[PDB]
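See below for the structure under consideration.
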Amino acid sequence: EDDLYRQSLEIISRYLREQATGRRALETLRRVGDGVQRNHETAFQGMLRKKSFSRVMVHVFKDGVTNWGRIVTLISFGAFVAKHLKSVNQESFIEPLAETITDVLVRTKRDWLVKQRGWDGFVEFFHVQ
Amino acid sequence: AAXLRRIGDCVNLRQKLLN
Ligand SMILES: *Cc1ccc(-c2ccc(C*)cc2)cc1
């Protein structure tokens, strides 16, 4: 019944699973997420060595600012974490991870997402390549 | 959290520059 949640979980799960081991939002996410991971690999390595992933997600947003860059960066860091779990043979944490990321995003930022027209806003914001 | 926030705003700013 939460169709926004359902749709966010499918994109984020599929991205995390694919990286590790709607169609238009996925193509946007994989492209922008690859730039983010490639360009911030050392920061992401540093961060990985440290679900309080949840507290950190929310703390990103504490200054009262929400934007697609912060969102896509969080999801990208989730894919980075997912690829590590695959490397380390702990794929069973990948789905709880995607669930956690979706929960935190939809739970805390549902009003903002609605206002930005959901994943349609995401695709439009990143359209210029 | 500071790191993800600043990276996220750098990505956002780049895309608004592109847009
Ligand atoms: C830990 C950390 C701080 C700042 C950056 C950063 C800010 C802004 C831009 C455009 C790139 C990188 C990354 C990591």
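Residue-wise test of (1) within 11 Å of another protein chain (Cβ to nearest Cβ); (2) over 16 Å from A:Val56 (Cβ atoms); (3) touching a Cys at 6+ places or on another chain (Cβ under 6 Å).
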site: A:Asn67; (1), (2), (3): yes, yes, no
site: A:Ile75; (1), (2), (3): yes, no, no
site: A:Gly78; (1), (2), (3): yes, no, no
site: A:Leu85; (1), (2), (3): no, yes, no
site: A:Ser92; (1), (2), (3): no, yes, no
site: A:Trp119; (1), (2), (3): no, yes, no
site: A:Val123; (1), (2), (3): no, yes, no
site: A:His127; (1), (2), (3): yes, yes, no
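Need a quick list: helices (runs of 4 or more DSSP H) entirely within region A:12-129 having at least 1 residues that are among the β-branched types (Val, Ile, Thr), out of contact with any helix residue (DSSP H, G or I) (no Cβ under 8 Å at 6 or more places or on another chain) and within 16 Å of the ligand (Cβ to nearest atom).
Passing ranges, in order: A:41-48.
When A:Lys50, A:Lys109 are checked against the criterion of being of a type in the set (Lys, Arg), more than 17 Å from A:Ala20 (Cα to Cα) and loosely packed, with under 14 Cβ neighbours inside 10 Å, a single residue qualifies: A:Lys50. Filtering region A:45-65 to residues that are more than 23 Å from A:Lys109 (Cα to Cα) and more than 8 Å from every other protein chain (Cβ to nearest Cβ) leaves A:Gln45, A:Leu48, A:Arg49, A:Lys50.
The residue that is farthest from A:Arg38 (Cα to Cα), counting only those in region B:1-10 that are more than 8 Å from the ligand (Cβ to nearest atom) and among the hydrophobic types (A, V, I, L, M, F, W, C), is B:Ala1.
For neighbour counting, all protein chains shown are included, and Cβ atoms are generated from backbone atoms with ideal geometry for every residue, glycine included. No lab work stands behind these numbers, since they all come straight from the coordinates.
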